[PDB]
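Below you'll find only one chain, the form deposited in one PDB entry, shown as structure tokens.
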């Protein structure tokens, strides 16, 4: 489970048995034709894969480019999170677990997990930072209808980091019954590999769809990056292909303000939630609070596979600010009639930063923005527009 120097299993010893059991069960389903049959049927008819690769004619006109959007917003529940949640809750069911727990920030992982738990008939307890239960209220409502318990977490910065802290405490307290479902590619081995291997369907589809429109590989693929799962999923089949892969982190109020979530660009090597990776830390090794207008990007660490891709130059990383992402959310809504997630708006904002005239650019549209409507319409920057 190492990506260069990053990754590993940096956990309390009591979890080692659970992780060994998960690693064995996962290696088992890796060759299990009936796991993949059932999983792939649900991806097709329940989640709605393959998702289209949409030529965004008006965006393309505005930038002078050929811009395609990989439409993960069209999945069931409205984000790429469902790819991973169905796969892991299916695994949990096959391992004989009876209960699921997870932490969630935008609420999309929580909704995806609650959906799979409902489908597979499992008890489901979702931890969510209290500030996130307010700016992402639509997803609290969906999780309640799906039968999940939602526990607001009032400690720390009351956002995703603190929700994951409490879900991990719950998992340790409940190891007999409970499977912990990470939403991103952060966590102790084998979780980064499991999540990335459920999300790489995105890149696999893209790789097949782009020669049908343009007859070669794209020039660029752009995806937003917090923990990194939607970006790992679309990048992984293109690593070392020569495509320019660009991961976009949350620059928040600005990378020099101290109010951002840009772990690769501004963090230091450290340990978070089981991985050795880049973490926003002070000079005494204390993890710092992140900030982003996007609840899904508001997390102080990043997946170890991305730390490794950055170090080896296989993927390039940069950031855009809260205001740039808000502008891109509004622009896509107005020009293409698609309301993007505020996470994915960071990737769309980056179109203004590359020299793309004449280029074929794929943007991973990781989810839809209905959860973000109240927050965007009330934001002071948008109110000053």
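Positions refer to the first chain, counted from 1. We call the rigid core the largest set of C-alpha positions that still match within 1.5 Å between the two forms.
The next section is about a form of this same protein that is not shown, the form deposited in another entry.
For the listed set 253, 131, 311, 219, the sole C-alpha moving 2 Å or more between the shown form and the other one on a rigid core superposition is that of 131. Compared with the form shown here, the C-alpha atoms of residue 135 and residue 47 sit at least 3 Å closer together in that other deposited form. Relative to the shown form, the CA atoms of residue 186 and residue 132 are pushed 3 Å or more farther apart in that other deposited form.
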